[PDB]
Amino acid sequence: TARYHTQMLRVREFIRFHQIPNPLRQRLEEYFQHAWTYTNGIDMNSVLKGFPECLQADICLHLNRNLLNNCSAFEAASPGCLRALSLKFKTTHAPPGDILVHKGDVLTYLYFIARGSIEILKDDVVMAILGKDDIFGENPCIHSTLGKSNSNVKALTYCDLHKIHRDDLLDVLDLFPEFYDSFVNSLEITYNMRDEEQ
């Protein structure tokens, strides 16, 4: 079922949806020919993950530069600080029908919607969020305690999401504490998920 050409063209559609440098684009293609699995066909991120350390790095790096280079919260980050961020940011492709966060869950990640449409539900739909580059979660830099969700988060369509872990974010501000004012001031959480009725 999972023949070479099948996988060859999913790969083609990644670079597709994610406008990718040729210097890497060729390196990935050459790695996928000189290696590919009939079993681990990887509808999405399976053998996509199965690549050597080197190549997955530039991807994350390039995917992150997207958010980092255009979102206004990161206006003002020193290149040192940007490098730190672009290193600890993660990217996730969510399939329609999928719960990123549940009602109690600790607010562990902060999310930026690249593409697609998220629904946030409290038993029923309290809001619809999108790759306007909407942001949901809490800003860990302002609260002394760790928040808890207050709601559920489903992918309505397929979604691209940039997520950073609070401690990575906190660590970055520890190293570049001078970024704190502009970040606190420029970060526009679209849907605040901190349960403030708890």
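Throughout, we count residues from 1 along the sequence that is shown.
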{"property": "Given 30-38 and 130-138, the range whose Cα B-factors average higher in the PDB entry", "result": "30-38"}
{"property": "Greater mean Cα temperature factor according to the PDB record, 40-48 or 141-149", "result": "40-48"}
{"property": "Residue, from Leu55, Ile164, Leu161, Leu67, that the PDB entry assigns the highest Cα B-factor", "result": "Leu55"}
{"property": "Peak C-alpha temperature factor (PDB record), options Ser78, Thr108, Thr92, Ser117", "result": "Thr92"}
{"property": "Third of the chain's Cα B-factor distribution that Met193 belongs to, per the entry", "result": "lowest"}
{"property": "Assigned third (lowest, middle, highest) for the C-alpha B factor of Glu13", "result": "highest"}
{"property": "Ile99 - which third its CA temperature factor falls in, relative to the rest of the chain", "result": "highest"}
{"property": "Chain third (lowest, middle, highest) by recorded CA B-factor, residue given as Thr6", "result": "lowest"}
